[PDB]
Amino acid sequence: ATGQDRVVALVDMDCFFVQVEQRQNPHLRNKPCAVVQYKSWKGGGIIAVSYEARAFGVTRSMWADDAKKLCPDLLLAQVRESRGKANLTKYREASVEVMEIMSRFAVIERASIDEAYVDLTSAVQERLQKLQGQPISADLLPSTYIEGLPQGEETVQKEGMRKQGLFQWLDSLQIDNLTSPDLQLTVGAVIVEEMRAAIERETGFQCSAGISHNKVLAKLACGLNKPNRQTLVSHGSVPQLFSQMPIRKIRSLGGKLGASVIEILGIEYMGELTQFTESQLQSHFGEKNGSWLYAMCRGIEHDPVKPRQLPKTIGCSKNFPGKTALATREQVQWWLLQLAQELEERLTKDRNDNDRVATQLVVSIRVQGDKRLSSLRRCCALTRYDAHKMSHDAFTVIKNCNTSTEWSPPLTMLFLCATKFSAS
DNA sequence: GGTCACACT
DNA sequence: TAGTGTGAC
Ligand SMILES: Nc1ccn([C@H]2C[C@H](O)[C@@H](COP(=O)(O)NP(=O)(O)OP(=O)(O)O)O2)c(=O)n1
Ligand SMILES: [Mg+2]
Ligand SMILES: [Mg+2]
């Protein structure tokens, strides 16, 4: 196939944590902004950045003190601290607002706290049926961009260029054909406009979206015209788009695999992948990766949009870097208890909200000087939503790790995760 | 820094 | 694992 079977959208909130704080605090609005956690060290780590702030070069993971140097006026919203650790409840709850709205339109997959994939194939056919032999107006796509267009003097302005590109696309469109993938993408884009308007109107949160035939392309497209804009990436636009597209850009090619792909094949762009036979790619990167790469560089992916509105696992973690590493048994127990308590609060709310219970508890830790995020992973049955029992059980699981009332080596990280959810 | 999902074997 | 490592937000 040409992988034009489905219409898929990825909707991603623009600087989400910042928006949540901005909505709550009007003074932050339309200003260089960032969300930080753990203010005491280096002003705290920046985890979210407003677009005004990004203009000053402020970036995520940048110490607030350093960010201040770039942007003296930068406004900061602090992640809530509960029980001595960052609490992300406000953002999770804000995420639910967005997810619930999106769920109304189509079957959604929660890719992250601030984004979800949508399969609009069914919705599109019905809408196509609803409007018959009906030409699609540009007004229905006020925030839509057509990648690769315009092509072949208002062009000086970005909005003018967007209008020209959109017009070229629409004039080209043949609406008398229901089957056409481009038409389907276009109608899908119309719905996404409606979906995004509903999100903004109902939550006050602005978002961006990518409309394409698969998840990878939808995701890539979404990023192209952020913020507060949606981009339609057609099948035909892929060759030109991928021709200069760094391999790392494609989802899942951001890490080692992307590097090896680049390193082994001596190429920099997605498009260059077309040269190679499927076997060739399979030989270097194996059976699953090779097939995925071969199809993907051709704008073809089959990964389905999973029907998962609600997350699979609920986890609590904290880090005790460097000196702060826990070197006493009582210390480990107290922190396990703090994690367990928050987990219990989240688990209990989850059970009431989602009608399910977690049957398995996962405990993960890191010892100092270990190069691995997890020094050890251990699991024990989770039979009660009791923080004291859970923390007590977790200690039992990891206690042996200690080497000779004091803990050695000191623990750099503690992780608690509830998993294996069951209906209740 | 804190949470995720998932492909391994 | 069951338990580890990858890639993501
Ligand atoms: N390393 C990261 C990346 C994201 N996040 C959190 C904070 C973000 O606001 C939120 C959403 O991630 P994101 O979509 O990658 N970025 P954000 O929404 O902030 O800005 P956009 O670029 O998407 O407009 O998750 C995080 O906590 N740690
Ligand atoms: Mg976002
Ligand atoms: Mg995101």
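What counts, and where the lines are drawn
- Residues numbered from 1 in each chain as written, not as in the entry; some residues may be left out.
- Chains lettered and ligands numbered in written order.
- Heavy atoms only, no water.
- Residues with missing side-chain atoms left out of burial classes, pairs and counts.
- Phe/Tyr/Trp six-rings, centres within 6.5 Å; stacked < 30°, edge-to-face > 60°.
- Buried < 20%, exposed > 50% of the residue type's maximum accessible area, 1.4 Å probe, protein only.
- Axes fitted to C-alpha atoms, helices over the stretch in contact; angles between N-to-C directions.
- Helix = DSSP H or I, 4+ residues; strand = E, 2+ residues; numbered from the N terminus.
- Left-handed = near helix turned anticlockwise from the far one by under 90°.
- Contact = heavy atoms within 4.5 Å.
- Nonpolar A, V, L, I, M, F, W, Y, C, P; charged D, E, K, R; others polar.
- Salt bridge = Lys/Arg side-chain N within 4 Å of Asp/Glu carboxyl O.
- Near = heavy atom within 4 Å.
- Polar contact = N/O pair within 3.5 Å; in protein donor to acceptor, adjacent residues only side chain to side chain.

As summarised from the PDB record, the model derives from X-ray crystallography at a stated resolution of 2.92 Å.

Draft legend 1. The packing of aromatic side chains, seen in detail. This model, assessed by the stated rule, comprises seven aromatic pairs. Their ring planes at 85° and their centres at 5.6 Å tell us that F16 and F205 sit as a pair that is edge-to-face. For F16, a relative accessible area of 5% puts it in the buried group. For the pair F17 and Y91, a centre-to-centre distance of 4.0 Å together with 10° between the ring planes defines the contact as stacked.

Draft legend 2. Spatial organisation of the packing of helix α4 (residues 89-105) against helix α7 (residues 181-203). The interhelical angle for the contact between α4 and α7, taken along N-to-C directions, is 145°, at an axis separation of 10 Å. Here the hand of the crossing between α4 and α7 comes out right-handed. The residues of α7 that touch α4, namely those facing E97, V98, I101, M102, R104 and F105, are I191, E194, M195, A198, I199, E202 and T203. Along the lines of polarity and charge, the residues of the contact of α4 with α7 split into eight nonpolar, one polar and four charged.

Draft legend 3. Molecular detail of the pattern of salt bridges. If you walk through the whole model with that rule in mind, you get 26 salt bridges. With a shortest N-O distance of 3.9 Å, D5 and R6 are connected by a salt bridge. Classification of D5 as partly exposed rests on a relative accessible area of 48%. Look at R6 and you get buried, because its relative accessible area is 11%. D303 serves as the salt-bridge partner of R251, at 3.7 Å between the closest nitrogen and oxygen. Linking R251 in the loop between α9 (238-243) and α10 (256-265) with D303 in the loop between α11 (278-296) and β12 (314-319), this pair joins segments that are 52 residues apart in sequence. Given the relative accessible area of 24%, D303 is considered partly exposed.

Draft legend 4. Expanded view of the protein's contact with DNA strand C. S112, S252, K256, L257 and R377 are the nearest of the 15 residues found near DNA strand C. Taken together, the sugar and phosphate atoms account for 89% of what DNA strand C places within 4 Å of the protein. Within the contact set of DNA strand C, a sugar or linking oxygen lies 3.0 Å away from a side-chain nitrogen or oxygen of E115. Note that a phosphate oxygen of DNA strand C is positioned 2.3 Å from one of the side-chain N or O atoms of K256. Going through the elements one at a time, α10 and β15 (376-381) are the ones with two or more residues in the surface near DNA strand C. Residue composition of the surface near DNA strand C, grouped by class: four nonpolar, four polar and seven charged.

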